């Protein structure tokens, strides 16, 4: 491996061998259907709201999130980088697709498949990833750096449906070598959204943009129709000319054939026919190819950038609503702009690399932090793009704001699940705060919505009212229905009687003020009515007048199969913190009567909480359940947020410290020797609480948040050891292979529930 030294991959990048088999992989810990796309994954390409494309460590373009809200795992075999090399003085060169696999059927059988094992590596430090190719039969060593411009505090480039592939090629041998690199792409118009004749009308054109010191050659893969529909638009691939390289292309090869129409050209001498052909297809799949060819002398290096763009302007949700995607603000709405996007990338990629480096540098350069922690911190951010992210720039047919939503996950297809975003939204408040405040104003606007229609509650089969006035919604809808318009898609429980949503909502509001400088009084003003309403409604759920809402002996909070009854440590601490936040907001906005009321409620609830739950060692799970003395990992979630919000002690320092030490001692260290995170429930005898599946799970997001709590409280070793188990399980060779699909949960056997989950974005609470 002589190529690594010629590129700059950080040591904290996650790494795996190209073609590596992973033996230990986990699978769903449930008996009903659940997504399991395998461990063959990678860091996504594509911006927020753009649709994303998962290119795996084996080289395939395989995890398709281009249909917003849907996860489709299928390798489009025509989509590849291929290489040709010929040593000066040999009769023949060699040609190889850079994919460690082959097609299932006989399409593209002429291409050279099965890139060999032990001949390259994949690296990822989101938004960047890299492949190196160090192969006995390829004397010139190659690497590629691939990325999209995901940039904190930038709402423009961060939205773009674009990816850059910056190639570096180096000749360590003492012979001249002819090298070609070829990008192939299928015209994927009709891959989704088209009900009949899925390829019909697809056609490919070549654009040559020749201007002083800037030659770009690109293929634009579109359809003859000017229909403005979800399925219509364009893909583009292309390359920028650099000194010492020639460009060749082929406009049209048949993807639903043996591929030899293209491959006989490339495998001969690495030079394509330069044949333009705009003839539209009927039934056959078609694709385009862009190649560079160059001669490398001994010791010579060359760099050449390719790019990929996709202009699919309209997202349609299952309820019928069609919206424009955010990037259309910058490039237009008509779906004929893929070249402009591609060109912008090829002329600006060096700047984008520097912008990415500039935001990663403060963490990467801090040598007090272990590399494993940086691996997790950056790579968990994949979910911000990969989470079915919707970011609208107007309803089709139809404002100053652009509504946003991140899915909880794909198995539970709900936007912005609030009980989860309480944990998962840290990267948005810390790196894209304008998006975060927008989402919270979306929630504010729903507080007094009433939808008196009824739904069947999944857990018990009773009927309930969809949305109650004054209760914060569980979610902002589903991609199968109407995101932003029809809220509370979730129906397993009735979220209108949840005891955590209203408090978490208030805590989220005050968090968003504090973590953006305590300057945004306008945001506090916009949300103030909803904050008062939320706490006032929750107060009414105090049945026994101890000043604290009563959990009802059903799952009435985020642990939606784990019953709480009476005063719970979890909802009770959240209520206390929420009251303290509202007091502070009241002070900021000069609402004296609110300050006084919430101060009084707080003082009464605080003393009762402590009396009812403090047991000498930790806070009891709750007051009334069968295993009320279980040690809960999240028992002091309210105090965690109070630390972040700088609200001080809601409970005595000494008791918080004792509780945290107990959780570390029991829920971490007595659960598989502390190598897997914090189990949610542990009995005081040191045995996992088996009262529900949830008690017996580590929740990845709960564990990272608890690590954050431990860290702020000076338990530095415990904090990082607690988080390490999550990192290990996700990324390490000894783990369960969950990279780029971090799940909600695992059980002690390592098997999982709900891959690709929002909650573990909470790792960013460790950077406050």
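Positions refer to the first chain, counted from 1.
According to the record, the deposited sequence contains 1 to 3 residues between residue 398 and residue 399 that were left without coordinates.
Here 429-437 and 264-272 are compared by their mean Cα B-factor, and 264-272 comes out higher.
Comparing the deposited coordinates for 480-488 and 543-551, the stretch with the larger average C-alpha B-factor is 543-551. When the C-alpha B-factors of 597, 145, 329, 336 are read from the PDB record, the largest value belongs to 597. Comparing the C-alpha B-factors of 205, 369, 421, 590 in the entry, the top value falls on 590.
Ranked by Cα temperature factor within the chain, residue 639 sits in the middle third according to the deposited record. The entry lists a Cα temperature factor for residue 26 that places it in the middle third of the chain's modelled residues.
Placement of the Cα temperature factor of residue 766 within the chain: middle third of the modelled residues, per the deposited record. Placement of the Cα temperature factor of residue 33 within the chain: highest third of the modelled residues, per the deposited record. Residue 753: CA B factor in the middle third of modelled residues in this chain (values from the PDB entry).
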